[PDB]
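What follows is one structure encoded as structure tokens, with my remarks underneath.
Residue numbers (UniProt numbering), protein chains in the order written: chain C, 254 to 310; chain Z, 284 to 376; chain A, 5 to 290; chain R, 369 to 422; chain D, 305 to 456.
Right, dumping it as structure tokens:
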């Protein structure tokens, strides 16, 4: 629910990348901090889904 | 029996426990009062379900021949640990 | 009923330099010392200790030496530096016990509500946990002998209190915080799988030596009553988690739905703005 | 049912009314509808694409 | 009374007639019987409030083995009919003390819990209870191991 509630303001950025021609000084980049959290957090969740099939046999 | 079919029918109960169909329910509700076994006994099939129990006192032949569970556990969870790690081997990184 | 304490390895570096003393004083091979501290709750913290000049005969192993020139007036010193950090227990090395440990505990039990013999680890290569605690126990038996006093496993950990990393995390110079799920989890897989299953080899050591050459605690009262807990699920063919397999579909539900949806947003994340930066760099480099 | 005062299923064959409900899943709803908005935004970036190309 | 308060020990109600009715066959104090069951339009309501006890309190002792029962077996266990069963089902469902759901497509129904209302709770309860048991295991298997290997 964190990873949706902040993803809508994550996607409020490509509208700001539509500057039709160019009207924005430098990238002002907010791509990150929601790659990595999703990445390692759901690595943890998939290896947790491993963990029952690990401990059981 | 270590095996499954832990939704046991009442049949062995009413045969070898010298009890009747109307009294298997008391046989296990008095055991709920006892508190060593707390089965979720079926009553659409009348099956006496097995949950967790208080096992024994001593099975010295099975204290010796628990290897088929203990060493089973040891080498097989070890081997499958080696297999999970062996499929994710070269992301040692 | 004691779970865990908080451990500062600072006076374990005092264990280290008394481990430097014993290598060059004489015949005393093992490090035996006295563990100060203060019961705060079932959780606890330790700030200081000290190391007795101790000898122990190999013949009739109940030969202790805990000098009161080294206890009483050094206790006056340790009381003068602070009133808070008083006695809480003691410590010796190895993992097991020697015989005289019970009487060394009962010596300083007269000062303390519960003196603890935390058995300490100077050359750590172990498979389980570090230094671990033992509380005063009266469990005697179901037989009714004169009261048992062998201090039972009432465990401990190595807790971290507060700052100290001015020293410590400057003294690291090597280590890194793994952003968990970056082979930290398989460090844990290695350690807990291999080190719990050769702990299970210690258990087969118990369940083989106590079968071949092992008596009275052979089925003490906690071997079989825990073979229950071993008999949660030991079964034969594939152990048939018939409920739990569609329930594990219900498990894998959340995980791979977040994989599909969320990782498709991750595809959108990297790919779209990567194409922006990429192709802008590419042809606007002209 | 059509006014959501009553959440379940009636019957005529066996004559068995059965009340149950579970509507809200934001794990599906919020995520996938925000991806629809994401795809609209990527279509809005398609002209940055079609502008850098031609 | 007190043995009938703990699990209620599904006795014969005519042995309750024995116990609570041969109190009038007392060559001593009958003022207990006179005050309690000597009443008629209050004491008869106490007799049937004790039939309410057998249904009420014995549904609360039988609430364990449900999520599967027919209706005839519930008549054969509540020590009464199916019509007395349905009247008692009525007044105890308007009691709504523990969440009932009864239906006669074939009659396999019962007084019940909210009927396993959750998803992953099963993973939580089963696997985390059993596996945190299995992580406390090694922590006191080293306990047992050291304490038995002091000697042998």
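Here a beta-carbon is modelled for each residue, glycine too, at the ideal position from N, C-alpha and C.
For the segment 75-152 of chain A, which segments carrying the beta strand (DSSP E) assignment without a break, of at least 3 residues, lie completely within its bounds, in sequence order? 90-96, 120-123
Just curious, the beta strand (DSSP E) that residue 358/D is in, first and last residue? Counting along the chain, residue 358/D falls outside any beta strand (DSSP E), though it belongs to the alpha helix (DSSP H) covering 347-366.
Boundaries of the alpha helix (DSSP H) in which residue 381/R is found, first to last residue: Element bounds for residue 381/R: n/a, residue is neither H nor E.
Quick one: what does DSSP say residue 344/Z is sitting in, helix, strand or coil? helix
Counting beta carbon pairs with one atom in the segment 143-158 of chain A and one in the segment 106-114 of chain A, are three or more of them shorter than 8 Å? yes
What do you reckon, are the CB atoms on residue 317/D and residue 359/D nearer than 8 Å? no
From 57/A, 190/A, 66/A, 188/A, residue whose alpha carbon lies closest to that of residue 72/A: 57/A
At the level of alpha carbons, what is the spacing between residue 411/D and residue 433/D? 35 Å
Simplified DSSP assignment, three categories, for residue 156/A: strand
Looking only at C-alpha atoms, which of 333/Z, 332/Z, 350/Z sits nearest to residue 208/A? Comparing C-alpha distances from residue 208/A to each of 333/Z, 332/Z, 350/Z shows the shortest one belongs to 350/Z.
Contact with chain D by residue 349/Z, beta-carbon distance below 8 Å: Output row for residue 349/Z: interface = no.
If I measure Cβ to Cβ from residue 306/C and keep anything under 6 Å in the same chain, skipping five residues before and after, which residues do I get? none
I want to see whether chain R comes within less than 8 Å of residue 306/D, judged by CB atoms only; does it? Answer no: the Cβ-Cβ gap between residue 306/D and chain R never drops below 8 Å.
Cβ pair count under 8 Å reaching 3, the segment 117-129 of chain A against the segment 415-428 of chain D: no
Does the count of Cβ pairs from the segment 15-32 of chain A and the segment 84-92 of chain A closer than 8 Å reach three? Short answer: they don't touch.
Given a limit of 8 Å on CB to CB distance, which residues of the segment 393-406 of chain R reach chain C? 394, 398, 399, 402, 405, 406
Under a Cβ-count criterion, where at least 16 other Cβ atoms within 10 Å of its own Cβ denotes burial, should residue 267/C be classed as buried or exposed? buried
Could you check whether the segment 312-326 of chain D touches the segment 380-390 of chain R, counting it as contact only if at least three pairs of C-beta atoms, one from each stretch, sit closer than 8 Å? no
In the DSSP assignment, the alpha helix (DSSP H) including residue 39/A goes from what residue to what residue? Per DSSP, residue 39/A belongs to no alpha helix (DSSP H); it is in the beta strand (DSSP E), 36-41.
Straight-line CA distance for residue 445/D to residue 285/Z? 22 Å
Beta bridge counterpart(s) of residue 392/D as assigned by DSSP: Under DSSP, residue 392/D shares a beta bridge with no residue.
Can you confirm whether the segment 329-348 of chain D touches the segment 372-383 of chain D when touching is taken to mean that 3 or more C-beta pairs between the two stretches lie within less than 8 Å? no
Can you pull out the residues from the segment 422-433 of chain D whose beta carbon lies closer than 7 Å to at least one beta carbon of chain C? 431
With 16 other CB atoms within 10 Å as the buried threshold, where does residue 372/D fall? With 16 or more Cβ atoms within 10 Å of its Cβ, residue 372/D is classed as buried.
Count the other CB atoms, across all protein chains shown, that sit within 10 Å of the CB of residue 304/Z; report buried if there are 16 or more and exposed otherwise. exposed
Taking C-beta pairs closer than 7 Å, name the residues in chain D that residue 213/A reaches, listed in chain order. 456
For chain Z, find out if any of its Cβ atoms is closer than 8 Å to the Cβ of residue 307/C; answer yes or no. yes
For the alpha helix (DSSP H) that residue 350/Z lies in, which residues bound it at each end? 350-370
Could you check how far apart the C-beta atoms of residue 35/A and residue 96/A are, in whole angstroms? I think they sit under 8 Å. 7 Å
Ordered list of alpha helix (DSSP H) runs contained in the segment 266-310 of chain C, each at least 4 residues: 267-270, 289-308
Can you find the residues in the same chain that come closer than 6 Å, C-beta to C-beta, to residue 438/D, ignoring five residues on each side of it along the sequence? none
Is any beta-carbon of chain R found at less than 8 Å from that of residue 409/D? Yes - at least one Cβ of chain R is within 8 Å of the one on residue 409/D.
Could you say which of 276/A, 261/A, 279/A lies nearest to residue 488/R if we only look at CA atoms? Residue 488/R is absent from the structure shown; chain R starts at 369 and stops at 422.
Is residue 274/C near the ligand NAP, judged by its Cβ being under 7 Å from some heavy atom? In the structure shown, the ligand NAP is absent, as is every other ligand, since no ligand is present at all.
In whole angstroms, what separates the C-alpha of residue 337/D from that of residue 350/D? 12 Å
Opening and closing residue of the alpha helix (DSSP H) in which residue 324/Z lies: From DSSP, residue 324/Z is part of no alpha helix (DSSP H); its letter is neither H nor E.
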